[PDB]
Every structure is written in structure tokens, then in C-alpha cells.
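In what follows, a structure is listed as C-alpha cells, so that the remarks can point back to it.
There are 2 protein chains.
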Amino acid sequence: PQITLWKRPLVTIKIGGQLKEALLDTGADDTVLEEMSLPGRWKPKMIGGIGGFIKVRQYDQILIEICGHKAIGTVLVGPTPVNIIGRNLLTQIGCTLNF
Amino acid sequence: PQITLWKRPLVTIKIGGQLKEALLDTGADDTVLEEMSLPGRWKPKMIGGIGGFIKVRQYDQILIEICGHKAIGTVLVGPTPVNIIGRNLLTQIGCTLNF
Numbered sequence: 001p002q003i004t005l006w007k008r009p010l011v012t013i014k015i016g017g018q019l020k021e022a023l024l025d026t027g028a029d030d031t032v033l034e035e036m037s038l039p040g041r042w043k044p045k046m047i048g049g050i051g052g053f054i055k056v057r058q059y060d061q062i063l064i065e066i067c068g069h070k071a072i073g074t075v076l077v078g079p080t081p082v083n084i085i086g087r088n089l090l091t092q093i094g095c096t097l098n099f
Numbered sequence: 001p002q003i004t005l006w007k008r009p010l011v012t013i014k015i016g017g018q019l020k021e022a023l024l025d026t027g028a029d030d031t032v033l034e035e036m037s038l039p040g041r042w043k044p045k046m047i048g049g050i051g052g053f054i055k056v057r058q059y060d061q062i063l064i065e066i067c068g069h070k071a072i073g074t075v076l077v078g079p080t081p082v083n084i085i086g087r088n089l090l091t092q093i094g095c096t097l098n099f
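These protein sequence lines map, in sequence, to chains A and A'. A prime marks a further copy of an entry chain.
By the authors' numbering, the letter at position 50 of the first sequence is numbered 50, and the numbering carries on one by one without gaps.
By the authors' numbering, the letter at position 52 of the second sequence is numbered 52, and the numbering carries on one by one without gaps.
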């Protein structure tokens with residue numbers, strides 16, 4: 001659907017059996033979730049934004065349902081205060097900016 | 001127009017006689033620009049993101065042309081490594097997320 005932006009574009013995600021809300025973020029290269037239990041191996045990584053950098057864990061081939069649409073991709077887990085869906089996954093659900 | 005998201009959604013802005021490129025960011029509440037010369041008074045403020053918080057200067061009623069479309073709004077100036085157009089101004093140009 002069409003999401004206007006008077007409010008934070010928050011949507012429902014399903015990941016590893018858990019229901020969460022995540023922000024649809026065109027300013028994020030990657031997808032980064034608050035700490036949660038994720039199976040498999042994981043590589044150590046750094047992400048940066050305003051104010052600094054943080055240490056996240058990167059998981060490949062994670063299944064995720066973003067509001068009804070399944071996508072499979074890299075997911076980062078770390079000390080973010082909000083769940084963020086980034087461009088890596090917004091493209092898999094054909095998400096576009098319009099004006 | 002329609003902006004797909006395989007690349008960073010970067011666009012041309014015009015602000016206070018200067019040409020810059022800015023990121024269209026649905027994950028940002030506010031608009032924050034790299035340090036630049038801006039007239040008028042300005043209130044001190046704090047913004048936060050991953051990794052921390054930063055001190056910005058806030059200017060009200062700044063004219064800005066985001067890719068052809070004029071908008072007038074609050075603009076923050078600070079130590080961001082990238083120019084960011086936030087939701088406060090994306091709504092004035094009727095920008096929407098679609099999928």
C-alpha cells in the first residue's frame with residue numbers, strides 16, 4: 001500500500017517466530033534489529049550513524065515477513081533503540097518513494 | 001517521480017543560494033544539514049540515532065527546494081556526515097512510501 005509520512009512509517013514484521021514492529025527506513029543501507037535470539041553463525045560488524053558507531057552481529061539468509069511480504073536477507077542485530085528495515089530488504093518487497 | 005531504492009535516494013536541494021545533495025530519509029523525524037551558513041536566530045537542540053546524540057542548531061522557516069518542489073520548514077544544522085531530508089519536509093512535498 002501507500003504510506004504517507006505524517007507518522008513514523010512503522011509496520012509489523014515477523015522474524016524467527018516473533019512479532020515485532022519495525023520502521024521502514026530509506027536512509028538505512030542495512031536492516032538492524034534490537035537484540036533478539038537468532039540461530040546460525042554470525043560475523044562481527046560495525047555500523048555508523050549520527051552520534052557514532054555500534055557493534056552489531058550479522059546474520060545471512062534470515063527469513064522475514066514485512067507486512068505480508070516474505071523476503072530473505074542479511075539482518076543485523078544490535079543496540080538500536082528501534083527496529084529498522086533498510087534498503088537491502090525494502091528493494092525485495094519492491095518498496096519505492098513517490099512524490 | 002518514482003524512486004526505487006537500489007541506490008541511496010539522493011536528490012538535489014537548494015538552500016540559501018547553495019546547491020547540495022541530500023538523502024530522502026523516511027527514518028528521520030527532522031531535517032538535518034551539514035554545517036553551513038544560515039541567517040536568523042537559532043535554538044540549541046539535541047538529536048539522537050544509532051551510536052549516540054549530537055548538538056544541532058535549529059532554524060525555523062527556512063525556504064528549501066527539494067528537487068523542484070519548494071517547502072518551508074524547520075531545518076537543523078550539525079555534525080552529520082550526510083545531508084538528510086526528514087519527514088517534517090517530506091510531507092510538504094507529498095512524499096509517500098509505496099509497495
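All C-beta atoms, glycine included, are put in the ideal place defined by N, C-alpha and C.
Who are the Cβ neighbours of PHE53 (chain A) in its own chain at under 7 Å, not counting the five residues just before and after it? In the first sequence, counting from the first residue as 1, residue 53 (chain A) sits at position 53. The residues are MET46, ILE47.
Taking C-alpha atoms, which residue in A':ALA28, A':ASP29, A':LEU63, A':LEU24 lies nearest to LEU38 (chain A')? As a first step, residue 38 (chain A') is located in the second sequence; it is residue number 38 there, counting from the start. Of A':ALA28, A':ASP29, A':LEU63, A':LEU24, the residue nearest in Cα terms is A':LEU63.
If we define contact as Cβ-Cβ less than 9 Å, is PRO44 (chain A) a contact residue for chain A'? Taking the first sequence and counting its residues from 1, the one referred to as residue 44 (chain A) is at position 44. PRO44 (chain A) is outside the set of residues whose beta carbon lies under 9 Å from a beta carbon in chain A'.
Helix, strand or coil at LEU89 (chain A) [DSSP, three-state]: Taking the first residue of the first sequence as 1, we reach residue 89 (chain A) at position 89. The answer is helix: DSSP assigns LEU89 (chain A) an H, G or I state.
Where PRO9 (chain A) meets chain A', residues with beta-carbon distance less than 7 Å: Reading the first sequence from its first residue, position 9 is the one you call residue 9 (chain A). By Cβ distance, chain A' contributes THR26, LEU97.
Find the nearest neighbour of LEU10 (chain A) within the set A':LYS55, A':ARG57, A':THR26, A':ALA71, judged by alpha-carbon distance. Start at 1 with the first residue of the first sequence, and residue 10 (chain A) comes out as number 10. Out of A':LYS55, A':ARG57, A':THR26, A':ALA71, A':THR26 has the C-alpha closest to the C-alpha of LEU10 (chain A).
Based on Cα-Cα distance, which residue from A':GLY86, A':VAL75, A':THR91, A':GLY94 lies nearest to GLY16 (chain A')? Residue mapping note: residue 16 (chain A') aligns to position 16 of the second sequence, counting from 1. Residue A':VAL75 is the option with its Cα nearest to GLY16 (chain A').
Can you tell me where the beta strand (DSSP E) with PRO9 (chain A') in it begins and where it stops? What you label residue 9 (chain A') is simply residue 9 of the second sequence in a count that begins at 1. First-last for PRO9 (chain A'): undefined, no H or E at that position.
Between the stretch 72-92 of chain A' and the stretch 30-37 of chain A', do three or more beta carbon pairs fall short of 8 Å? By the Cβ criterion, the stretch 72-92 of chain A' is in contact with the stretch 30-37 of chain A', since at least three pairs of Cβ atoms, one from each stretch, lie closer than 8 Å.
Do you know offhand how far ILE93 (chain A')'s Cα is from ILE93 (chain A)'s? Residue mapping note: residue 93 (chain A') aligns to position 93 of the second sequence, counting from 1. Residue mapping note: residue 93 (chain A) aligns to position 93 of the first sequence, counting from 1. Taking the straight line from one Cα to the other gives about 24 Å.
Looking at chain A', is there any beta carbon in it that lies within less than 9 Å of the beta carbon of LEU38 (chain A)? The residue given as residue 38 (chain A) occupies position 38 in the first sequence. No - not a single Cβ of chain A' is within 9 Å of the one on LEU38 (chain A).
Exposed unless 16 or more other CB atoms sit within 10 angstroms - verdict on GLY68 (chain A): Translated into the one-based positions of the first sequence, residue 68 (chain A) becomes position 68. Counting of Cβ neighbours within 10 angstroms places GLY68 (chain A) among the exposed residues, the total staying below 16.
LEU19 (chain A'): buried (16+ other C-beta within 10 angstroms of its C-beta) or exposed? Taking the second sequence and counting its residues from 1, the one referred to as residue 19 (chain A') is at position 19. Result: exposed.
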